[PDB]
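Working notes, beginning with the structure itself.
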Amino acid sequence: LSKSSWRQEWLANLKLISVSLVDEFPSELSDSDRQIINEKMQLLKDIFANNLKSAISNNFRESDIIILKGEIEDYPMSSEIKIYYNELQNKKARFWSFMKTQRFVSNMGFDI
Amino acid sequence: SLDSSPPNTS
């Protein structure tokens with residue numbers, strides 16, 4: 001019930017998960033800020049596809065895990081993803097922040 | 001139903 005049991009249980013679940021990585025960004029970001037995030041997003045996409053054996057979704061509505069380019073709170077009300085997150089409040093998919101996803105993969109044995 | 005974080009035991 002502890003250490004790699006958790007890693008092993010996740011590895012199994014991820015083989016049966018659809019993961020979508022978001023296109024939209026949180027408010028007030030510079031071109032560099034966005035680039036740096038995009039590069040990181042790109043490797044997270046690889047770990048999920050290649051290592052965690054998850055299916056990469058091009059539709060965030062058709063996925064069990066949604067990977068954000070920041071915290072959902074920082075996303076504007078008007079963005080497609082925030083709109084979707086808000087409708088899912090009436091019962092769903094797991095909305096992970098950019099930092100949380102980084103933490104997860106690192107615990108899975110895939111550091112950046 | 002599964003935790004996103006590993007079992008922290010320290």
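Identifiers in this document derive from the order of the structure tokens: chains are assigned A, B, ..., residues are numbered from 1 separately in each chain, and ligands are numbered from 1 in order of occurrence.
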Counting only C-alpha atoms, which residues of chain A fall within 12 Å of chain B, and what is the closest atom pair for each with its distance in Å at one decimal, ordered by chain and rising number, as CSV?
```
residue,atom,partner,partner_atom,distance
A:1,CA,B:7,CA,8.4
A:2,CA,B:7,CA,5.8
A:3,CA,B:7,CA,6.7
A:4,CA,B:6,CA,8.8
A:5,CA,B:6,CA,9.5
A:6,CA,B:6,CA,6.5
A:7,CA,B:6,CA,7.8
A:8,CA,B:6,CA,11.2
A:9,CA,B:2,CA,8.8
A:10,CA,B:2,CA,8.1
A:11,CA,B:2,CA,11.8
A:12,CA,B:2,CA,11.8
A:13,CA,B:2,CA,9.4
A:14,CA,B:2,CA,11.4
A:65,CA,B:4,CA,11.1
A:92,CA,B:1,CA,10.9
A:93,CA,B:1,CA,11.5
A:94,CA,B:4,CA,9.7
A:95,CA,B:4,CA,11.1
A:96,CA,B:4,CA,9.3
A:97,CA,B:4,CA,11.6
A:100,CA,B:4,CA,8.5
A:101,CA,B:4,CA,9.0
A:102,CA,B:4,CA,11.3
A:103,CA,B:5,CA,8.3
A:104,CA,B:4,CA,6.6
A:105,CA,B:4,CA,10.0
A:106,CA,B:5,CA,10.5
A:107,CA,B:6,CA,7.1
A:108,CA,B:6,CA,9.1
A:109,CA,B:6,CA,11.7
```
Please save N, CA and C atoms of the selected residues as a PDB file, in the first residue's frame.
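Written file, again_11.pdb:
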```
ATOM      1  N   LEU A   1       0.815  -1.228   0.000  1.00  0.00           N
ATOM      2  CA  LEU A   1       0.000   0.000   0.000  1.00  0.00           C
ATOM      3  C   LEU A   1       0.865   1.304   0.000  1.00  0.00           C
ATOM      4  N   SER A   2       2.222   1.161  -0.127  1.00  0.00           N
ATOM      5  CA  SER A   2       3.195   2.271  -0.123  1.00  0.00           C
ATOM      6  C   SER A   2       4.448   2.036  -1.020  1.00  0.00           C
ATOM      7  N   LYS A   3       5.102   3.162  -1.479  1.00  0.00           N
ATOM      8  CA  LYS A   3       6.352   3.298  -2.283  1.00  0.00           C
ATOM      9  C   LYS A   3       6.151   3.183  -3.830  1.00  0.00           C
ATOM     10  N   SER A   4       6.399   1.975  -4.388  1.00  0.00           N
ATOM     11  CA  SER A   4       6.269   1.620  -5.802  1.00  0.00           C
ATOM     12  C   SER A   4       4.933   0.933  -6.057  1.00  0.00           C
ATOM     13  N   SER A   5       4.190   0.543  -4.992  1.00  0.00           N
ATOM     14  CA  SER A   5       2.857  -0.050  -5.145  1.00  0.00           C
ATOM     15  C   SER A   5       1.961   0.993  -5.837  1.00  0.00           C
ATOM     16  N   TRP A   6       2.118   2.251  -5.399  1.00  0.00           N
ATOM     17  CA  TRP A   6       1.427   3.425  -5.898  1.00  0.00           C
ATOM     18  C   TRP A   6       1.831   3.649  -7.358  1.00  0.00           C
ATOM     19  N   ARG A   7       3.151   3.639  -7.655  1.00  0.00           N
ATOM     20  CA  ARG A   7       3.694   3.813  -9.014  1.00  0.00           C
ATOM     21  C   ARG A   7       3.152   2.723  -9.944  1.00  0.00           C
ATOM     22  N   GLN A   8       3.166   1.463  -9.480  1.00  0.00           N
ATOM     23  CA  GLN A   8       2.659   0.293 -10.213  1.00  0.00           C
ATOM     24  C   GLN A   8       1.166   0.354 -10.472  1.00  0.00           C
ATOM     25  N   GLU A   9       0.385   0.786  -9.469  1.00  0.00           N
ATOM     26  CA  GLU A   9      -1.056   0.932  -9.626  1.00  0.00           C
ATOM     27  C   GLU A   9      -1.399   2.026 -10.643  1.00  0.00           C
ATOM     28  N   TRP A  10      -0.630   3.138 -10.636  1.00  0.00           N
ATOM     29  CA  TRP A  10      -0.788   4.234 -11.595  1.00  0.00           C
ATOM     30  C   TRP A  10      -0.458   3.784 -12.994  1.00  0.00           C
ATOM     31  N   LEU A  11       0.692   3.110 -13.165  1.00  0.00           N
ATOM     32  CA  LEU A  11       1.168   2.612 -14.452  1.00  0.00           C
ATOM     33  C   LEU A  11       0.111   1.791 -15.186  1.00  0.00           C
ATOM     34  N   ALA A  12      -0.630   0.987 -14.417  1.00  0.00           N
ATOM     35  CA  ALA A  12      -1.722   0.138 -14.870  1.00  0.00           C
ATOM     36  C   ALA A  12      -2.903   0.983 -15.308  1.00  0.00           C
ATOM     37  N   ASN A  13      -3.317   1.969 -14.476  1.00  0.00           N
ATOM     38  CA  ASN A  13      -4.454   2.863 -14.777  1.00  0.00           C
ATOM     39  C   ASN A  13      -4.229   3.700 -16.005  1.00  0.00           C
ATOM     40  N   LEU A  14      -3.013   4.267 -16.136  1.00  0.00           N
ATOM     41  CA  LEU A  14      -2.613   5.130 -17.249  1.00  0.00           C
ATOM     42  C   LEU A  14      -2.722   4.431 -18.600  1.00  0.00           C
ATOM     43  N   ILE A  65      -7.833  12.609 -17.978  1.00  0.00           N
ATOM     44  CA  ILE A  65      -6.826  13.520 -17.417  1.00  0.00           C
ATOM     45  C   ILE A  65      -6.535  14.655 -18.444  1.00  0.00           C
ATOM     46  N   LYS A  92     -15.910  12.486 -13.137  1.00  0.00           N
ATOM     47  CA  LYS A  92     -15.469  13.553 -14.028  1.00  0.00           C
ATOM     48  C   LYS A  92     -13.930  13.576 -14.217  1.00  0.00           C
ATOM     49  N   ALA A  93     -13.464  14.307 -15.242  1.00  0.00           N
ATOM     50  CA  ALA A  93     -12.051  14.415 -15.592  1.00  0.00           C
ATOM     51  C   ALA A  93     -11.195  15.112 -14.533  1.00  0.00           C
ATOM     52  N   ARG A  94      -9.890  14.773 -14.507  1.00  0.00           N
ATOM     53  CA  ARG A  94      -8.908  15.333 -13.574  1.00  0.00           C
ATOM     54  C   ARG A  94      -8.142  16.489 -14.227  1.00  0.00           C
ATOM     55  N   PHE A  95      -8.353  17.731 -13.740  1.00  0.00           N
ATOM     56  CA  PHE A  95      -7.697  18.940 -14.259  1.00  0.00           C
ATOM     57  C   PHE A  95      -6.416  19.204 -13.488  1.00  0.00           C
ATOM     58  N   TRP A  96      -5.291  18.856 -14.100  1.00  0.00           N
ATOM     59  CA  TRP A  96      -3.988  19.025 -13.486  1.00  0.00           C
ATOM     60  C   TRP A  96      -3.253  20.267 -13.960  1.00  0.00           C
ATOM     61  N   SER A  97      -2.710  21.040 -13.002  1.00  0.00           N
ATOM     62  CA  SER A  97      -1.900  22.205 -13.324  1.00  0.00           C
ATOM     63  C   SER A  97      -0.560  21.735 -13.851  1.00  0.00           C
ATOM     64  N   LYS A 100       1.694  20.568 -11.185  1.00  0.00           N
ATOM     65  CA  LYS A 100       1.218  19.312 -10.606  1.00  0.00           C
ATOM     66  C   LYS A 100       1.590  18.169 -11.526  1.00  0.00           C
ATOM     67  N   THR A 101       1.401  18.347 -12.857  1.00  0.00           N
ATOM     68  CA  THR A 101       1.742  17.326 -13.851  1.00  0.00           C
ATOM     69  C   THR A 101       3.237  17.008 -13.797  1.00  0.00           C
ATOM     70  N   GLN A 102       4.074  18.072 -13.691  1.00  0.00           N
ATOM     71  CA  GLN A 102       5.530  17.974 -13.577  1.00  0.00           C
ATOM     72  C   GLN A 102       5.910  17.148 -12.349  1.00  0.00           C
ATOM     73  N   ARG A 103       5.244  17.426 -11.203  1.00  0.00           N
ATOM     74  CA  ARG A 103       5.434  16.728  -9.937  1.00  0.00           C
ATOM     75  C   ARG A 103       5.111  15.258 -10.130  1.00  0.00           C
ATOM     76  N   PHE A 104       3.911  14.944 -10.697  1.00  0.00           N
ATOM     77  CA  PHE A 104       3.437  13.576 -10.956  1.00  0.00           C
ATOM     78  C   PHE A 104       4.431  12.742 -11.745  1.00  0.00           C
ATOM     79  N   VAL A 105       4.783  13.191 -12.982  1.00  0.00           N
ATOM     80  CA  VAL A 105       5.758  12.489 -13.832  1.00  0.00           C
ATOM     81  C   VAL A 105       7.076  12.212 -13.072  1.00  0.00           C
ATOM     82  N   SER A 106       7.544  13.201 -12.262  1.00  0.00           N
ATOM     83  CA  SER A 106       8.758  13.094 -11.460  1.00  0.00           C
ATOM     84  C   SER A 106       8.634  11.975 -10.424  1.00  0.00           C
ATOM     85  N   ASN A 107       7.426  11.798  -9.833  1.00  0.00           N
ATOM     86  CA  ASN A 107       7.173  10.709  -8.880  1.00  0.00           C
ATOM     87  C   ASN A 107       7.052   9.390  -9.633  1.00  0.00           C
ATOM     88  N   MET A 108       6.673   9.468 -10.900  1.00  0.00           N
ATOM     89  CA  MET A 108       6.558   8.292 -11.734  1.00  0.00           C
ATOM     90  C   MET A 108       7.933   7.780 -12.206  1.00  0.00           C
ATOM     91  N   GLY A 109       8.981   8.601 -12.001  1.00  0.00           N
ATOM     92  CA  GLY A 109      10.365   8.330 -12.375  1.00  0.00           C
ATOM     93  C   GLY A 109      10.781   9.034 -13.649  1.00  0.00           C
TER      94      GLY A 109
END
```
task = Tell me which protein, DNA and RNA residues are within 6 Å of range 27-37 of chain A, counting only C-alpha atoms, leaving out same-chain ones fewer than 2 positions away, and put them as a VMD selection string.
result = chain A and resid 39 to 40 75
Selection from above, N, CA, C and O atoms, as a PDB file, in the first residue's frame, can you write it?
```
ATOM      1  N   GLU A  39       7.676  24.184 -24.437  1.00  0.00           N
ATOM      2  CA  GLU A  39       8.748  23.198 -24.482  1.00  0.00           C
ATOM      3  C   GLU A  39       8.483  22.110 -23.427  1.00  0.00           C
ATOM      4  O   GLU A  39       8.488  20.919 -23.757  1.00  0.00           O
ATOM      5  N   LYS A  40       8.192  22.533 -22.171  1.00  0.00           N
ATOM      6  CA  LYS A  40       7.907  21.627 -21.055  1.00  0.00           C
ATOM      7  C   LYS A  40       6.685  20.769 -21.331  1.00  0.00           C
ATOM      8  O   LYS A  40       6.758  19.545 -21.170  1.00  0.00           O
ATOM      9  N   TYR A  75      -6.654  30.902 -15.403  1.00  0.00           N
ATOM     10  CA  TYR A  75      -7.273  30.885 -16.727  1.00  0.00           C
ATOM     11  C   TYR A  75      -8.466  31.845 -16.757  1.00  0.00           C
ATOM     12  O   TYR A  75      -9.214  31.900 -15.774  1.00  0.00           O
TER      13      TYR A  75
END
```
query = Near residue 56 in chain A, within 9 Å and counting only C-alpha atoms, which residues show up once chain neighbours fewer than 2 positions away are dropped, as a PyMOL selection string?
reply = chain A and resi 17-21+45+48-49+54+58+63
Write out, as a compact mmCIF listing (two decimals), in the first residue's frame, the residues just selected, with N, CA, C and O atoms.
```txt
# COMPACT_ATOMS: atom_id res chain seq x y z
N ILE A 17 -6.20 5.14 -19.74
CA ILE A 17 -6.57 6.54 -19.67
C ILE A 17 -6.29 7.30 -20.98
O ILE A 17 -5.28 7.07 -21.66
N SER A 18 -7.20 8.25 -21.28
CA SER A 18 -7.08 9.21 -22.38
C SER A 18 -6.62 10.54 -21.74
O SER A 18 -7.24 11.02 -20.78
N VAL A 19 -5.50 11.07 -22.20
CA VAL A 19 -4.90 12.31 -21.70
C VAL A 19 -4.92 13.40 -22.76
O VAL A 19 -4.40 13.20 -23.86
N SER A 20 -5.51 14.53 -22.44
CA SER A 20 -5.50 15.64 -23.38
C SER A 20 -4.66 16.75 -22.79
O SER A 20 -4.77 17.02 -21.58
N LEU A 21 -3.76 17.33 -23.61
CA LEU A 21 -2.92 18.45 -23.20
C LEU A 21 -3.47 19.68 -23.93
O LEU A 21 -3.56 19.73 -25.17
N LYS A 45 3.87 15.53 -22.74
CA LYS A 45 3.11 14.86 -23.78
C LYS A 45 3.83 13.56 -24.16
O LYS A 45 3.18 12.52 -24.20
N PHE A 48 3.69 10.92 -21.18
CA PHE A 48 2.35 10.36 -21.16
C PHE A 48 2.11 9.36 -22.27
O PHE A 48 1.62 8.27 -22.00
N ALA A 49 2.50 9.70 -23.50
CA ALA A 49 2.31 8.82 -24.65
C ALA A 49 3.21 7.60 -24.63
O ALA A 49 2.72 6.48 -24.61
N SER A 54 -0.39 6.17 -22.07
CA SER A 54 -1.72 6.79 -22.15
C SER A 54 -2.00 7.17 -23.58
O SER A 54 -1.06 7.22 -24.38
N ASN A 58 -6.98 14.83 -28.60
CA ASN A 58 -6.96 16.15 -29.23
C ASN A 58 -8.25 16.90 -28.85
O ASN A 58 -8.51 18.00 -29.33
N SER A 63 -11.39 13.05 -22.61
CA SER A 63 -10.25 12.59 -21.82
C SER A 63 -10.53 12.49 -20.32
O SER A 63 -11.34 13.27 -19.80
```
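Interatomic distance, CA of residue 41 in chain A against CA of residue 16 in chain A: 21.2 Å.
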message = Restricting the calculation to only C-alpha atoms: of A:112, A:81, A:72, A:88, which residue gets closest to residue 24 in chain A?
response =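 Checking each candidate against residue 24 in chain A, we get A:81 as the closest.
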request  = Would you please give, as JSON, numbers by chain, all residues of range 10-104 of chain A that DSSP assigns to alpha helix (DSSP H) based on the backbone?
outcome  = {"A": [10, 11, 12, 13, 14, 31, 32, 33, 34, 35, 36, 37, 38, 39, 40, 41, 42, 43, 44, 45, 46, 80, 81, 82, 83, 84, 85, 86, 87, 98, 99, 100, 101, 102, 103, 104]}
key: For residue 82 in chain A: contacts at 12 Å, only C-alpha atoms, fewer than 2 positions along chain excluded, given as a PyMOL selection string   = chain A and resi 22+24-27+60-61+66+68+70-80+84-89+95
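Considering only C-alpha atoms, the residue among A:23, A:111, A:91, A:83 positioned nearest to residue 59 in chain A is A:23.
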task = Using backbone DSSP assignments, extract all strand (DSSP E or B) residues from chain A; output them as an NGL selection string.
result = :A and (18-21 or 55-57 or 65-67 or 94-96)
